[PDB]
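I have placed the structure first, in the form of structure tokens, so that the comments after it can refer back to it.
Proteins get letters first, then strands, A, B, ... in listed order; numbering begins at 1 in each.
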Amino acid sequence: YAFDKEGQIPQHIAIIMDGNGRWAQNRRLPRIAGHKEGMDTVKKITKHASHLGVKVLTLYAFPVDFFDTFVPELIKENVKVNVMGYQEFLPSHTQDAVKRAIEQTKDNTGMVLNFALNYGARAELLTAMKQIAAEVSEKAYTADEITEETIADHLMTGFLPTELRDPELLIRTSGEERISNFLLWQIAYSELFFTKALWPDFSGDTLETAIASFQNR
Amino acid sequence: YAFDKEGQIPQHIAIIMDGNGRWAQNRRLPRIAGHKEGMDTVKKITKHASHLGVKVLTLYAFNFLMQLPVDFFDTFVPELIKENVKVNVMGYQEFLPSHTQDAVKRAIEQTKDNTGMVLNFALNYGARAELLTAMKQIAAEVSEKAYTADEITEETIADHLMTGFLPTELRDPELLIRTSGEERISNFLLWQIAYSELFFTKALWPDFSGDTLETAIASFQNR
């Protein structure tokens with residue numbers, strides 16, 4: 001049962017990118033060659049997901065100059081760039097390149113490309129917890145006024161509008177069957193899809209196959 | 001691949017029991033027959049999991065709506081004693097019927113001193129609500145200056161989840177099983193399932209057998 005271009009498209013897709021190392025090793029390449037091939041794979045699926053109607057494409061690394069040579073194609077595709085995680089541990093120069101790509105695409109109105117870099121779901125839930133625990137301690141609101149919407153606001157997806165915060169479809173590559181500490185709160189009702197294909201071999205056809213199964217075929 | 005009876009057994013196995021209604025529809029029985037049959041499966045899987053050495057078995061249910069647990073627990077308590085199973089139920093028992101609340105509170109009390117497998121029921125349970133309840137507590141306690149905000153740790157959160165009663169090694173499931181062909185978490189142990197192995201079977205829950213549990217464990221054994 002095939003993918004329907006006129007069928008239902010998940011508005012928010014999250015992908016756990018995996019297999020970059022195993023890709024190079026089976027081809028006996030050094031593992032940097034598998035990571036280079038994975039970051040061009042990122043470009044190929046950012047472009048295809050955008051053309052399919054996806055509104056948020058969240059990518060988990062389970063950069064470099066990469067953002068500088070990507071920013072023109074992101075602007076041609078009307079793609080807005082966000083970065084989830086702890087920018088603090090990022091090198092200062094890649095901190096600079098990331099906030100530059102964010103600022104240079106802040107006005108694009110199409111699909112949001114949301115990078116998960118040095119990100120952890122339990123860590124994210126903890127940092128959301130400390131902020132709420134501090135806010136109630138400065139009497140900003142009760143402890144009983146806290147809601148799920150409160151928790152969702154303090155997650156790294158809270159910048160998104162409420163209808164796009166949670167992925168409707170979560171894809172996991174490299175043949176693993178684990179959530180692996182990714183978007184634990186947000187994937188409460190997400191459809192799950194697992195492909196044995198490694199991320200450097202992940203193609204738009206693989207994405208369409210995944211969306212095909214999301215459409216319940 | 002094949003199940004190795006001498007191989008590794010997951011300490012904590014979580015199952016999302018799904019497919020009870022569809023099971024009845026296919027037989028054209030009333031859909032209540034699927035849910036009453038699914039409870040027979042609960043007794044079967046509890047016994048087989050206990051015999052395989054599973055330490056914790058968390059089951060997710062998915063007025064007669066909620067009248068099911070009164071006669072289930074009451075007639076299930078003897079065999080739970082014989083199998084040395086300690087019963088626990090996660091979720092807000094506060095909200096469900098009085099009559100079902102006492103049958104559940106009795107089954108917990110009558111099995112409190114059992115030392116074998118923990119049968120962990122999720123009735124009126126939701127992971128997101130469970131995390132909200134864990135934070136409403138932690139926010140309150142740190143507002144009582146029991147500690148400070150940056151001393152909150154993941155174990156602070158883990159203690160305040162509804163699996164916190166379990167020791168640390170048994171809190172998180174190592175294998176999550178979803179029946180009825182569906183491939184989604186559906187708001188179940190969201191924090192705890194962070195590293196769990198996921199197994200999906202098309203089998204409807206009333207057809208879930210000890211062998212279906214064993215193929216799931218076989219997959220956890222990395223085939």
Looking at [X], I want to see if its [atom1] is surrounded by more than 12 non-hydrogen atoms of other residues, nucleotides or ligands under 6.0 Å.
{"X": "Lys47(B)", "atom1": "NZ", "result": "yes"}
{"X": "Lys43(B)", "atom1": "NZ", "result": "yes"}
{"X": "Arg28(A)", "atom1": "CZ", "result": "no"}
{"X": "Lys44(B)", "atom1": "NZ", "result": "yes"}
{"X": "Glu148(A)", "atom1": "CD", "result": "yes"}
{"X": "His35(A)", "atom1": "NE2", "result": "no"}
{"X": "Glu149(A)", "atom1": "CD", "result": "no"}
{"X": "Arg217(A)", "atom1": "CZ", "result": "no"}

* To do: Would you confirm whether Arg178(A), through its side chain, and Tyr195(B), through its main-chain N or O, come within 3.5 Å as a donor-acceptor pair?
  =>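 Present.
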
Closest approach of [X] to [Y] (non-hydrogen atoms, all atoms of both residues):
{"X": "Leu190(B)", "Y": "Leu184(A)", "answer": "CD2-O, 3.3 Å"}
{"X": "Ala133(A)", "Y": "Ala149(B)", "answer": "CB-CB, 4.4 Å"}
{"X": "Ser137(A)", "Y": "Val142(B)", "answer": "OG-O, 4.4 Å"}

* Asked: Do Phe194(A) and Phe200(B) have side-chain heavy atoms sitting under 4.5 Å apart?
  ->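 A side-chain contact under 4.5 Å exists here.
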
* Asked: Can you check whether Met135(B) reaches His154(A) side chain to side chain, under 4.5 Å on heavy atoms?
  ->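 No - every pair of side-chain heavy atoms lies 4.5 Å or more apart.
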
* To do: Sort out for me which of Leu170(A), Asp144(A), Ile187(A) touches chain B most, counting heavy-atom pairs under 4.5 Å.
  =>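 When all of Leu170(A), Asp144(A), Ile187(A) are compared, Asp144(A) has the most.
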
* Asked: Between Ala129(B) and chain A, which part of the residue has a heavy atom less than 4.5 Å away: side chain, backbone, both or neither?
  ->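 Both backbone and side chain of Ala129(B) come within 4.5 Å of chain A.
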
* **Proximity breakdown for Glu182(B) and chain A, heavy-atom pairs closer than 4.5 Å** =>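 Just the side chain, heavy atoms under 4.5 Å.
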
Can you tell me how far the [atom1] atom of [X] sits from the [atom2] atom of [Y], to the nearest 0.5 Å?
{"X": "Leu126(A)", "Y": "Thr156(B)", "atom1": "CG", "atom2": "OG1", "result": "7.5 Å"}
{"X": "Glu177(A)", "Y": "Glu183(B)", "atom1": "CD", "atom2": "CD", "result": "7.5 Å"}
{"X": "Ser190(A)", "Y": "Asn187(B)", "atom1": "OG", "atom2": "CG", "result": "11.0 Å"}

* chain B heavy atoms under 4.5 Å from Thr147(A): which part of the residue, side chain, backbone, both or neither? ->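 Answer is backbone: N, CA, C or O of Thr147(A) sit under 4.5 Å from chain B.
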
* Asked: Going by an N to O cut-off under 4.0 Å, is there a salt bridge joining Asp172(B) and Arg122(A)?
  ->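 So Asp172(B) pairs with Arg122(A) through a salt bridge.
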
